[PDB]
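Notes for the one structure printed next.
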Amino acid sequence: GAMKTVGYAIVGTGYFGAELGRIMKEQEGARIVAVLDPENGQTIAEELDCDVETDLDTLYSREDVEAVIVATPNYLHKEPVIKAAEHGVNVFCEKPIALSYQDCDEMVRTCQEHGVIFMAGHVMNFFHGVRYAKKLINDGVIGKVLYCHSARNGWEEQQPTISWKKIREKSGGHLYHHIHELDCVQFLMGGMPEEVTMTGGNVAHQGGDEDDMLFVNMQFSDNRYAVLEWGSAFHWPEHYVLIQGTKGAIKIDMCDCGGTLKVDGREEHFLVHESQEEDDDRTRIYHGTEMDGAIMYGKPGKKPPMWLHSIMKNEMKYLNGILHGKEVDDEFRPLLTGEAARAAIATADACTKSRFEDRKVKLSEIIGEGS
Amino acid sequence: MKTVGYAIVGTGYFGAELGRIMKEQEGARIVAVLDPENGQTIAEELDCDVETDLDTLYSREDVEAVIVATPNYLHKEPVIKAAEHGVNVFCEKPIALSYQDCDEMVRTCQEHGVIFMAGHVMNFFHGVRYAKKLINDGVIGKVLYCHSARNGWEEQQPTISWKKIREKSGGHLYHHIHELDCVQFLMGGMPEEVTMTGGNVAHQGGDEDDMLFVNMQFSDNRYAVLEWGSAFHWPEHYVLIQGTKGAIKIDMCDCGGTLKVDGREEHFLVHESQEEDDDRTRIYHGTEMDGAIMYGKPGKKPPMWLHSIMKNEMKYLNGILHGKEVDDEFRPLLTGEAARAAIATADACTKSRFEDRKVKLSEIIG
Ligand SMILES: NC(=O)c1ccc[n+]([C@@H]2O[C@H](COP(=O)([O-])OP(=O)(O)OC[C@H]3O[C@@H](n4cnc5c(N)ncnc54)[C@H](O)[C@@H]3O)[C@@H](O)[C@H]2O)c1
Ligand SMILES: NC(=O)c1ccc[n+]([C@@H]2O[C@H](COP(=O)([O-])OP(=O)(O)OC[C@H]3O[C@@H](n4cnc5c(N)ncnc54)[C@H](O)[C@@H]3O)[C@@H](O)[C@H]2O)c1
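Chains A and B are the protein sequences, given in the same order.
Per the authors' numbering, the first sequence runs over residues -1 to 205, 209 to 372.
Per the authors' numbering, the second sequence runs over residues 1 to 205, 209 to 369.
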């Protein structure tokens, strides 16, 4: 029984890109043909035992490149996805898809028009506890979802070098760089809100031009709401998603790692990740890095925690399945139709606008009933 | 020790109990009460007179001070007439259901030279007082952010209480204004700009909003988030205070205070003893499925934690009315600053929500 090989290029072979390469390489029917990275491409090509390309059009033009993993910095996703689509190459793109809805919409439409595949790297949807939460919600356990509350709040000391992840024009700041929590809320509420308000600023880090506190206030259709908090100036650390419905509530805690279901007077626990060891390992890490959350951000030469390494495996395996003709499940459909890429960058843009312009923003002000 | 004669206007759950308390303080007598419904009953218990007209009641020689504990909508008439007749005033939260109403009440009492104490009882919680001591000493550094919540689940009762009618209670924002007052005290004033969202999500048929989310912008790059309501199946009741060097949590569901500074973590009591804190926690656990039973009625009794701060407060008030100097700590409960700041910001939030836009507090002060 043959089983067809797909040739993968990797564009951007830093912390996350290098590791997606290590992972895809060892999946069934998958080969790393070549990578592109001006800084770290020679190094990671020696490790993966593949070629080095320096031009996108040359790279995509190769017969042996049928698919590309895009993991450049957040601001540099546009050019690699558009050229792969132009050369008939299927695409996986890291979060955040882009730093503007214009950019994200052009990327999804180009890939649709050239009939290639576009998978959005919204990796939180592969977390065991997120999947369990969706199963419980769809089964009607907590009833209709009324309210989601996210937070991703820690304290970051000012480092010796300022990373690109810390520059707003390159990272898009906390809202874009940690968009997982916005995407998560949007998935659980079944789409975008009608209207957002975001406040915050740089409260403690004025000396890294990023906002260090952000507070979002979302109004959804048919009387539902959400509140989302981010940043790097909170001396009381918090990282969770809370889901409150007509019959019950669910908490996915990522600081004290565990899931909680509340129904009647009853209270069940469930795993966020693949095993009690992964959950407990996460909890140890957050305890260790309470005084300085800055050490938690990846660099070329560092390695992801267990919980993250495992969902990267789940995700690279799901992607490889798709590219071998596997049917997509309703559960992950929105990572390919483009609905989730668009919904996350739309709402992010809407929030960014709200804050810089000091006013409430309708999501129509970013969509416009486009196509 | 001189005797002060107190009238009580409104002798339901809270008013009756403030009377029981003041009665047994040094230099304090309950001369008479007024309550169409429950006045005859509570006058038999307190062994005092019954009046049916405010002007007649205040006109008595023997009435030098009034405790006002009518429903939230009915504070205006009793405070203005007491001021007109030279009578000193204590008024229950929320002072009024409009800034116009609250401003008129503070100015009338100032103009007639009588005393006006705002019943912002959360400021007498041991853990609130401790939090202020820590903040002012510089332990957590500059306060950047406050996060309050008061979120539980209320089942729909057989009869609709006035506390559940928006026109009469002013809804969660006014009826549970303690948390807004608390944040305003810790941030040292009102915000520059507010946004409030929410609605009736689960209770359509009790016209109150059952979820409210406030987003406050303060001067010099500071913020707060405040949550309220009666449609949350994950109960939460706390105030969290995050600064440049540390953070403090006052938890009222899992009752205890927490200080975080460097890698250190200290516990402190919210209330007067570990028994009061634990008693609170038991109650919140007991009433998780229906927080509606926690709201007072004529004939019912406040928890230990609440009974005790009512004692702290009635004693502080009685001290003031015996010529005791006010401490900087409670000054704003008499100057009118706290009554005005709480109803201004509440009005601003209410406006924001019904009009679907951000509201500057200049739009209420100016
Ligand atoms: N899904 C997740 O959980 C997760 C976690 C971390 C990072 N990420 C995402 O991964 C992507 C990369 O982030 P990272 O953590 O690897 O950062 P990083 O600094 O570790 O990696 C960036 C790499 O891109 C290279 N690069 C720079 N310019 C390039 C160009 N023009 N073409 C190709 N490569 C170029 C850099 O030299 C570096 O090797 C981002 O989209 C980021 O948001 C995702
Ligand atoms: N500070 C606190 O912790 C706290 C707690 C509960 C209530 N309160 C406040 O106490 C006040 C009353 O609340 P409650 O719990 O006692 O409500 P309640 O229903 O228990 O008592 C209200 C009483 O006012 C009487 N009343 C009605 N109209 C009147 C009028 N025109 N003149 C005089 N009395 C009149 C009613 O008959 C009733 O006896 C409100 O301001 C409320 O917000 C404060």
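Ideal placement from N, C-alpha and C gives every residue a C-beta, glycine not left out.
Check                                                                                                                                                                         : Outcome
Distance check for residue 261 of chain B and residue 268 of chain B, CA to CA, integer angstroms please.                                                                     : 7 Å
Grouping DSSP H, G and I as helix and E and B as strand, with all else coil, what is residue 262 of chain A?                                                                  : strand
Can you give me the C-alpha to C-alpha distance between residue 206 of chain B and residue 113 of chain B, rounded to a whole angstrom?                                       : There are no atomic positions for residue 206 of chain B here, as chain B continues from 205 directly to 209.
Could you tell me the alpha carbon to alpha carbon distance between residue 244 of chain A and residue 147 of chain A, rounded to whole angstroms?                            : 7 Å
Going by beta carbon distance, what residues of the same chain come within less than 6 Å of residue 258 of chain A, once the five residues before and after it are set aside? : 273, 280, 283, 284
List, from N- to C-terminal side, the alpha helix (DSSP H) runs of 4 residues or more that fit wholly inside the stretch 155 to 180 of chain A.                               : 166 to 169, 171 to 175
In angstroms with no decimal places, state the Cα-to-Cα distance between residue 267 of chain A and residue 253 of chain A.                                                   : 17 Å
Using only the heavy atoms of ligand 2, determine whether one of them is closer than 7 Å to the beta carbon of residue 300 of chain B.                                        : yes
Within a Cβ cutoff of 7 Å, which residues of the same chain sit near residue 222 of chain B, ignoring the five residues on either side of it in sequence?                     : 192
Closest to residue 86 of chain B by CA distance: which of B:284, B:60, B:51 is it?                                                                                            : B:60
If I follow the unbroken beta strand (DSSP E) through residue 89 of chain B, where does it start and stop?                                                                    : 88 to 92
Any chance the stretch 20 to 30 of chain A sits against the stretch 318 to 334 of chain A, with 3 or more Cβ pairs inside 8 Å?                                                : yes
Per DSSP, residue 245 of chain B is paired with what?                                                                                                                         : B:145, B:250
Output, in chain order, the set of chain A residues within a Cβ distance shorter than 8 Å of residue 271 of chain B.                                                          : None at all; the shortest Cβ gap to chain A is about 15 Å.
Can you tell which of B:359, B:3, B:345 has the C-alpha that lies nearest to the C-alpha of residue 92 of chain B?                                                            : B:345
With 8 Å set as the bound, which would you pick, yes or no: does the beta-carbon of residue 184 of chain B sit closer than that to a beta-carbon of chain A?                  : no
Do you know offhand how far residue 230 of chain B's Cα is from residue 197 of chain B's?                                                                                     : 10 Å
Against chain B, with Cβ distances strictly below 8 Å, would residue 361 of chain A count as a contact?                                                                       : yes
Are the beta-carbon atoms belonging to residue 176 of chain A and residue 231 of chain A less than 8 Å from one another?                                                      : yes
Is the shortest distance between the beta-carbon of residue 197 of chain A and the beta-carbons of chain B less than 8 Å?                                                     : yes
Could I get the ranges of all uninterrupted alpha helix (DSSP H) runs contained in the stretch 288 to 351 of chain B, with 4 residues as the minimum, in chain order?         : 307 to 323
If I follow the unbroken beta strand (DSSP E) through residue 196 of chain B, where does it start and stop?                                                                   : 193 to 199
Could you name the residues of chain A that residue 361 of chain B contacts, counting a contact when the two beta carbons are closer than 8 Å?                                : 195, 359, 360, 361
Give me whichever residues DSSP pairs with residue 91 of chain A in a beta bridge.                                                                                            : A:68, A:118
Taking only beta-carbon atoms, is residue 216 of chain A less than 8 Å away from chain B?                                                                                     : yes
Taking DSSP's pairing of strands, which residues face residue 34 of chain A in a bridge?                                                                                      : A:9
Compute the Euclidean distance between the alpha carbons of residue 329 of chain A and residue 308 of chain A, then round it to the nearest angstrom.                         : 24 Å
State yes or no: is the beta carbon of residue 12 of chain A nearer than 8 Å to at least one beta carbon in chain B?                                                          : no
For residue 315 of chain A, name the three-state secondary structure that DSSP assigns.                                                                                       : helix
Determine contact between the stretch 8 to 15 of chain A and the stretch 62 to 79 of chain A, defined as no fewer than three beta-carbon pairs at a distance below 8 Å.       : yes
Go through its chain and collect everything with a Cβ distance to residue 49 of chain A's Cβ below 6 Å, but skip five positions before and after it.                          : 32
In chain order, what residues of the stretch 209 to 224 of chain B put their CB closer than 7 Å to some CB of chain A?                                                        : 214, 216, 218, 220, 224
So residue 305 of chain B and residue 313 of chain B are in contact, right, with Cβ under 8 Å, and what is the actual spacing, rounded?                                       : 7 Å
Hey, would you say the C-beta of residue 170 of chain B is under 7 Å away from at least one heavy atom of ligand 2?                                                           : no
Which residues of chain B have a Cβ atom closer than 9 Å to the Cβ of residue 297 of chain A, listed in chain order?                                                          : Result: empty, since nearest Cβ-Cβ is about 17 Å, beyond 9 Å.
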